[PDB]
Amino acid sequence: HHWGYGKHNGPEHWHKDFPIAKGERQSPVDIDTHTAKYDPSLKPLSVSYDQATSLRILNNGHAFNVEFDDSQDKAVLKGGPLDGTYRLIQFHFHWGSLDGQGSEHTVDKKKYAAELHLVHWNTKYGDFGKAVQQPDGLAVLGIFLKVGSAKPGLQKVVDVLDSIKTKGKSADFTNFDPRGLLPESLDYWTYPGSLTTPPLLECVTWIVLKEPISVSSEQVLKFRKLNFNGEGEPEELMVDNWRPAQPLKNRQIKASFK
Ligand SMILES: C[C@@H]1CC(=O)[C@@]2(C)CC[C@H]3[C@@H](CC[C@@H]4C[C@H](OS(N)(=O)=O)CC[C@@]43C)[C@H]12
Ligand SMILES: [Zn+2]
Numbered sequence: 003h004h005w006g007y008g009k010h011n012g013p014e015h016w017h018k019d020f021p022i023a024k025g026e027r028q029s030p031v032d033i034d035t036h037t038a039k040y041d042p043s044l045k046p047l048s049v050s051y052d053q054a055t056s057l058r059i060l061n062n063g064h065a066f067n068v069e070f071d072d073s074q075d076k077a078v079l080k081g082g083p084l085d086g087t088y089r090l091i092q093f094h095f096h097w098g099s100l101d102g103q104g105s106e107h108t109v110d111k112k113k114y115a116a117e118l119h120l121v122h123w124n125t126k127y128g129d130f131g132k133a134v135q136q137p138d139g140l141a142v143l144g145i146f147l148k149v150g151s152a153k154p155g156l157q158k159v160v161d162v163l164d165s166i167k168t169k170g171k172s173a174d175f176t177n178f179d180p181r182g183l184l185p186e187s188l189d190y191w192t193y194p195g196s197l198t199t200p201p202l203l204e205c206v207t208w209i210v211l212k213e214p215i216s217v218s219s220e221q222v223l224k225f226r227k228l229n230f231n232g233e234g235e236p237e238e239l240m241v242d243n244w245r246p247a248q249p250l251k252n253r254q255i256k257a258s259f260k
């Protein structure tokens, strides 16, 4: 009886195995745009993905992960609210059964069709496993998806999903350039939070871009053809793999922009 997104194992159950689910810095949150204060001390985001080396794509039974070779200092996030350098290890998405839901963060209670998470670890902790034990161990770049024009830079991801339909399936996925998934503007909100799945560790500096990317209805429909189940198990479509907004508690959301 493992955690997931259903009635019996979904986000409202996670606190039983992971009591930090009710902690002081949980993610995601609603971003109240009128309460988020412009912080003129914040720096422009530095996103350096020119040398990013993708290796593989994996259906882990909750989402699909595009994994990067993080054995060298190549694809790095720095600046913005960050001290030091954070190395890209993977990206994944959260999405809905319908276009009106699927994002984890919300903006004035607005839900987007999906949300992209580019996960980076603080190189001062040497490896990802040590970094998730630290309050400043991870930086996750969050990007909203709305349904409209196709995102050409996403299509290589969409086209491989047929080959990883079920939990535990992986496919070679080399030479994928994640610069193709970024919006024009790097205007962002930032706050201290957590992983949004178990183990819900409070180790993340969240950086959520204001500008969504547009994907086509056909692109997001192919996300919704994936399966939570393993091969030869009853089909459970991989949809609504998002955690709802959590209490902001004693936290401030800061804006990089006026
Ligand atoms: C390897 C670490 C330790 C651990 O137990 C893992 C496997 C839980 C699942 C984690 C993964 C790290 C990368 C991802 C971060 C994501 O968080 S998010 N949604 O806030 O970007 C939760 C999903 C994710 C695959 C964790
Ligand atoms: Zn995520």
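Residues 3 to 260 in PDB author numbering are what the sequence shown spells out, letter by letter.
Note that CB positions come from ideal geometry on N, CA and C, so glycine has one too.
8 Å Cβ shell around residue i - same chain, five flanking residues per side excluded
| i | result |
| --- | --- |
| residue 166 | 59, 60, 61, 66, 172, 173, 228 |
| residue 33 | 107, 108, 109, 110, 191, 210, 255 |
| residue 25 | 196, 202, 204 |
| residue 116 | 95, 96, 97, 98, 104, 105, 146, 147, 217, 222, 225 |
Coarse secondary structure for residue i, derived from DSSP in three states
| i | result |
| --- | --- |
| residue 245 | coil |
| residue 125 | helix |
| residue 166 | helix |
| residue 255 | coil |
| residue 149 | strand |
| residue 134 | coil |
| residue 68 | strand |
| residue 44 | coil |
| residue 58 | strand |
Distance, residue j Cα to residue i Cα
| i | j | result |
| --- | --- | --- |
| residue 30 | residue 176 | 30 Å |
| residue 85 | residue 39 | 20 Å |
| residue 202 | residue 130 | 15 Å |
| residue 237 | residue 56 | 29 Å |
| residue 147 | residue 134 | 26 Å |
| residue 141 | residue 101 | 27 Å |
| residue 69 | residue 93 | 7 Å |
| residue 170 | residue 36 | 43 Å |
| residue 244 | residue 7 | 8 Å |
| residue 157 | residue 123 | 27 Å |
| residue 120 | residue 180 | 9 Å |
| residue 214 | residue 128 | 32 Å |
| residue 168 | residue 42 | 46 Å |
Nonlocal neighbours in the same chain, by C-beta distance under 6 Å from residue i, ignoring five residues either side
| i | result |
| --- | --- |
| residue 50 | 78 |
Contact set for residue i: own chain, Cβ-Cβ below 7 Å, skip 5 residues either direction
| i | result |
| --- | --- |
| residue 76 | 53, 54, 55 |
| residue 250 | 31 |
Problem - Residue list, Cβ distance to ligand 2 heavy atoms smaller than 6 Å - result: 94, 96, 119, 198
Handout entry: Length at least 4, wholly inside the segment 189 to 250: the alpha helix (DSSP H) runs in chain order
Key = 219 to 225
Handout entry: Runs of beta strand (DSSP E) wholly within the segment 84 to 124 (minimum 3 residues, chain order)
Key = 88 to 97, 116 to 124
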